[PDB]
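Here is the structure we will look at.
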Amino acid sequence: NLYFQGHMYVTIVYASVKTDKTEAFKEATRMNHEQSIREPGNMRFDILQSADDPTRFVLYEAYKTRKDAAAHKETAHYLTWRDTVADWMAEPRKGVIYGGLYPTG
Amino acid sequence: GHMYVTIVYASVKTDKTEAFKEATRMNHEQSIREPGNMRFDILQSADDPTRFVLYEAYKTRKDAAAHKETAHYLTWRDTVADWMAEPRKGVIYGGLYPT
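Quick note, the sequences are listed as chains A and H, same order. Quick note on the entry's author numbering: the first sequence kicks off at -6 and runs consecutively. Quick note on the entry's author numbering: the second sequence kicks off at -1 and runs consecutively.
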């Protein structure tokens, strides 16, 4: 077992957006970000746009605990976002799970 | 939104994971002290314990450029060089939010 103990629960979410919905996607994701940073135990909810390709986005969603992260998918703003952007995805989003080694807190 | 973020993907050789973590700890501890640093998160994939991410975020591109001139960066780069199972990839982003 080569896994280290996590100190933050992180999901890097990769989104490829339809070419004519990039602004629409940013606006919808702004709303998600604004509410998500207020969730208990949220440590980051950074919204990123690829320098090389504006249709490529990342949501970097970091929480103190896994159960804090789990609660996110229960929120109205998540559910709203998910339904809103569904038709603007050029392909399925992928979420990759990480454990935070540093900072330790 | 102008935060500058580089996501660095590292694939580490199987018997170098503990050493990689320690060498990168020392890089993290110094890098979070750099003017304009906003994150320097060090992450291990839950899917594959040999894959790591350094999430390096700065207030400006200029601050990010400075990191690569620091003694701690140069030492880290030299230390971990032979432990990479394949070339590291850095992917550059602009942080839209937080603004």
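Every residue gets a Cβ at the ideal spot worked out from N, C-alpha and C, and that includes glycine.
By the CB criterion at 7 angstroms, A:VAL10 and A:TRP74 fall outside the cutoff. Rounded to the nearest angstrom, the Cβ distance from A:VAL3 to A:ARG86 is 16 angstroms, too far for a contact under 8 angstroms. If you ignore the 5 residues before and after H:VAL51, its C-beta comes within less than 7 angstroms of the C-beta of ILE5, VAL6, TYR7, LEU41, all in its own chain and listed in chain order. Annotation note: the stretch 42 to 89 of chain A contains the following uninterrupted beta strand (DSSP E) runs of length 3 or greater, listed N- to C-terminal: 49 to 56. About 6 angstroms separates the beta carbon of H:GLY(-1) from that of H:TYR95, a gap short enough to meet the 8 angstroms contact definition. Not a single CB atom of chain H sits nearer than 7 angstroms to the CB of A:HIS70.
Judged by beta-carbon spacing, A:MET1 lies beyond the 7 angstroms limit of A:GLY88, meaning their Cβ atoms are not closer than that value. Neighbourhood of H:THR73 in chain A, by CB distance below 9 angstroms: empty, with the nearest CB roughly 16 angstroms away. The C-beta distance from H:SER29 to H:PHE38 rounds to 4 angstroms, short enough to meet the 8 angstroms contact threshold.
Secondary structure note for A:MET24: its alpha helix (DSSP H) is the uninterrupted segment 15 to 29.
Here the C-alpha atom of A:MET24 lies approximately 19 angstroms from the C-alpha atom of A:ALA63. Taking the beta carbon of A:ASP46 as reference, no residue of chain H falls within 9 angstroms; the closest one sits roughly 10 angstroms away. In the DSSP assignment, H:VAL10 falls outside any beta strand (DSSP E) and carries neither an H nor an E.
Secondary-structure assignment with DSSP links H:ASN35 through a beta bridge to H:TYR56. Beta-bridge annotation (DSSP): A:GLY98 is not paired with any residue. A Cβ-Cβ separation of about 10 angstroms leaves H:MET36 out of contact with H:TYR53 under the 8 angstroms criterion. Judged by beta-carbon spacing, H:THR22 lies beyond the 7 angstroms limit of A:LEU(-5), meaning their Cβ atoms are not closer than that value.
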